[PDB]
Amino acid sequence: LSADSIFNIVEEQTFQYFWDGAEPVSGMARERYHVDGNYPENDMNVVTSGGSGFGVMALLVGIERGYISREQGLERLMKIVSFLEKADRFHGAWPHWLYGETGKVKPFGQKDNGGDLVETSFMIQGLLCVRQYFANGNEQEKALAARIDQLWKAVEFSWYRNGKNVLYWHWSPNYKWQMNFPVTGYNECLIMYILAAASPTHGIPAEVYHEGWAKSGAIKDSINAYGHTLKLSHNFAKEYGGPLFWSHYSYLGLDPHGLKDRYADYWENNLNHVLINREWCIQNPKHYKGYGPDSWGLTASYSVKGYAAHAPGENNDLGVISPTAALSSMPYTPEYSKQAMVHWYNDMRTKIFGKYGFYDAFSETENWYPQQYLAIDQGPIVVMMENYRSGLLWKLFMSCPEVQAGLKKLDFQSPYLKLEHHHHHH
Ligand SMILES: OC[C@H]1O[C@H](O[C@H]2O[C@H](CO)[C@@H](O)[C@H](O)[C@H]2O)[C@H](O)[C@@H](O)[C@@H]1O
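Residues are numbered in the entry's author numbering as their position in the sequence shown, beginning at 1, plus a constant of 23.
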């Protein structure tokens, strides 16, 4: 099959993770789906707040593409929003995990039993797109958009500062600030600070971003690999950059085209991140089976021994290729991402393509082809493939007046920003 046909099959099948594969009570994205029905942790109906952020965006793609009808999409998104309104919130932030059937927190580790502002941010990036999509619809659609607007305005980003010039990832009603994870760059979390600056009700002053996230300029670096330079200081990953998903999550709604601030050119950094990851796979210094220009992309995913933050480098490449890395990079390296897609589909689909698209990860070296999926890995595939085609989520997210105001407050530039004209003196 041709690239154009395979693209459509891949996008549609991966979408179904979030439709057929959804938890049925909540309509939210499952943390995981195991095709054999075996869940070691009896956790099949635990839903991911961040992955469901990606999933609401995927629902919009399905409406646009005709994978579902507008009425299907609306009923589902109403079910999701109903769930989220009733679900456990901690100063406005959802927890990392909820039980789909009850809306109560499932602790992600003992002390992580309250708000998770980063996964909440991923949710909000997706809900804001839904809000923009339905804002001029019928009355029930407009009502939905308003219900989302209320959830948005209730997220208390300001609370998560704990009075400092940074944002904490967590807060618990009983463990208070003991998780103690101040979010400092560069990693996958940029969108949290953009949304915090954007909030009209519980926003942050800009120093929270420049001192906290950007470390008063120490986020700037220069990591050279294979002739490509990264100018952001990738946390713990200063040779090759982090797992490739860091160039995905915060860029599903926030368009990285022409996105720039005093710390970086985000298009160039994200694209260089991909290019370095791909070239590592091509050079294949560890001599793993099947690595090449037709099978590349290392990121966090299921792994031979459990789950690992795969990335370029001696210690991080475990011979595991995770299709979300190359596929979600579609906007940055479309012919290179398609190259892998086409080889995987035409040559490997018996082993690695299933009812919700490509499985999470595989190792040709270890003959390991798990029939397993994660929301956080399927969601960016649907979203970024669609953004490459149509810019659908980008156009929706970048159209939010609050997003534009947040970006201006943080001194970002973007071609989406409407610049105000001033005469010379007044
Ligand atoms: O609607 C006309 C323009 O309105 C604004 O510009 C006026 O007001 C500004 C602030 O007082 C002045 O600096 C400017 O000289 C005025 O023309 C807005 O900034 C413009 O983009 C509009 O075209």
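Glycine residues also receive a C-beta, built at the ideal position from the N, C-alpha and C atoms.
Exercise for the section: Compare the Cα-Cα distances from residue 135 to each of 103, 162 and 192 and report the closest residue. Expected result: Measuring from the Cα of residue 135, the nearest candidate turns out to be 192.
Exercise for the section: Determine the direct distance from the alpha carbon of residue 365 to that of residue 25, and round the result to whole angstroms. Expected result: So the alpha carbons of these two residues sit roughly 8 Å apart.
Practice task
Using 7 Å as the cut-off, classify the Cβ of residue 64 as near or not near the heavy atoms of ligand 1, replying yes or no.
Solution key: Because no heavy atom of ligand 1 lies under 7 Å away, the Cβ of residue 64 does not count as near it: no.
Practice task
Check whether the Cβ of residue 443 sits closer than 7 Å to any heavy atom of ligand 1, and report yes or no.
Solution key: Yes, since a heavy atom of ligand 1 falls inside the 7 Å radius drawn around the Cβ of residue 443.
Exercise for the section: Would you check whether ligand 1 has a heavy atom nearer than 7 Å to the C-beta of residue 193? Expected result: Checking every heavy atom of ligand 1 against the Cβ of residue 193, none is found closer than 7 Å.
Practice task
Verify the contact flag: residue 449, CB atom, against every heavy atom of ligand 1, threshold strictly below 7 Å.
Solution key: Taking 7 Å as the cut-off, one finds at least one heavy atom of ligand 1 near enough to the beta carbon of residue 449.
Exercise for the section: Pick out the complete alpha helix (DSSP H) segments inside the stretch 300-357, 4 residues or longer, and give them in chain order. Expected result: Here the runs fully enclosed are 347-351.
Practice task
Starting from residue 138, follow its DSSP beta bridges and name the residues at the other end.
Solution key: Under DSSP, the beta-bridge partners assigned to residue 138 are 194.
Practice task
Just grab the DSSP bridge partners of residue 55 for me.
Solution key: Residue 55 is bridged to 397.
Problem - Same chain, Cβ closer than 6 Å to residue 272, neighbours up to 5 away in sequence not counted - result: So the qualifying residues of the chain are 211.
Practice task
Could you check what DSSP says for residue 431 in three-state terms: helix, strand or coil?
Solution key: Residue 431: helix per DSSP, three-state reduction.
Problem - Assigned secondary structure, residue 375 (DSSP; H/G/I helix, E/B strand, else coil) - result: It is helical.
Problem - Same chain only: Cβ atoms within 6 Å of residue 327, ignoring 5 sequence neighbours per side - result: Cβ neighbours of residue 327 within its own chain (closer than 6 Å, five residues either side excluded): 386, 389 and 391.
Exercise for the section: Mind listing, in chain order, the continuous alpha helix (DSSP H) runs of no fewer than 4 residues lying wholly within the stretch 146-184? Expected result: Unbroken alpha helix (DSSP H) stretches of 4 residues or longer found wholly inside the stretch 146-184: 162-177, given in chain order.
Practice task
Please confirm whether residue 131 and residue 50 have their CB atoms less than 8 Å apart.
Solution key: It is not a contact, given that the beta carbons lie outside the stated cut-off.
Handout entry: Enclosing beta strand (DSSP E) for residue 245 [first to last residue]
Key = Segment 243-248, the beta strand (DSSP E) holding residue 245.
Handout entry: Which of helix, strand or coil DSSP assigns to residue 90
Key = Looking at residue 90 - three-state DSSP - the assignment turns out to be coil, as it is neither helix nor strand.
Practice task
Would you check if the stretch 398-405 and the stretch 32-47 touch, i.e. whether three or more CB-CB distances between them fall below 8 Å?
Solution key: Yes, since at least three Cβ pairs between the stretch 32-47 and the stretch 398-405 fall closer than 8 Å, the two stretches touch.
Handout entry: Spatial neighbours of residue 415 in its chain, beta-carbon cut-off 8 Å, leaving aside the 5 residues before and after
Key = By the criterion of a C-beta distance shorter than 8 Å, residue 415 is surrounded in its chain by 83, 84, 87 and 409, once the five residues flanking it on both sides are discounted.
Problem - Start-to-end residues for the alpha helix (DSSP H) that takes in residue 253 - result: From DSSP, residue 253 is part of no alpha helix (DSSP H) but of the beta strand (DSSP E) over 251-255.
Handout entry: Distance cut-off 7 Å: residue 446 Cβ against heavy atoms of ligand 1
Key = Taking 7 Å as the cut-off, the C-beta of residue 446 counts as close to a heavy atom of ligand 1.
Handout entry: Through-space distance from residue 140 to residue 320, alpha-carbon basis
Key = Rounded to whole angstroms, residue 320 to residue 140 spans 28 Å at the Cα level.
Exercise for the section: Determine the extent of the alpha helix (DSSP H) in which residue 209 is found, giving its start and end residues. Expected result: Segment: none, residue 209 is in no alpha helix (DSSP H) and carries neither H nor E.
Exercise for the section: Report the rounded CA-to-CA distance for residue 203 versus residue 90, giving the unit in angstroms. Expected result: Distance from the CA of residue 203 to the CA of residue 90, rounded to the nearest whole angstrom, comes to 42 Å.
Handout entry: Euclidean distance between Cα positions of residue 251 and residue 299
Key = Distance between the alpha carbons of residue 251 and residue 299 is about 7 Å.
Practice task
Please confirm whether residue 306 and residue 214 have their CB atoms less than 8 Å apart.
Solution key: No, Cβ-Cβ distance for residue 306 and residue 214 is not below 8 Å.
Exercise for the section: Note down, in chain order, each residue of its chain lying with its Cβ closer than 6 Å to the Cβ of residue 157, except the 5 sequence neighbours on either side. Expected result: If the five residues before and after residue 157 are omitted, its C-beta is found closer than 6 Å to the C-beta atoms of 164, 167 and 168, all from its own chain and listed in chain order.
Handout entry: Close beta carbons around residue 346, own chain, < 6 Å, minus the five adjacent residues each side
Key = Take residue 346, set aside five residues on each side of it, and the residues of its chain with a beta-carbon closer than 6 Å to its own are 381, in chain order.
Exercise for the section: Have a look at 94, 208, 249 and 227 and flag the residue whose alpha-carbon is nearest the alpha-carbon of residue 238. Expected result: Per the Cα distances, 208.
Problem - Proximity below 8 Å, CB of residue 384 to CB of residue 317 - result: The criterion of a C-beta distance shorter than 8 Å is not satisfied by residue 384 and residue 317.
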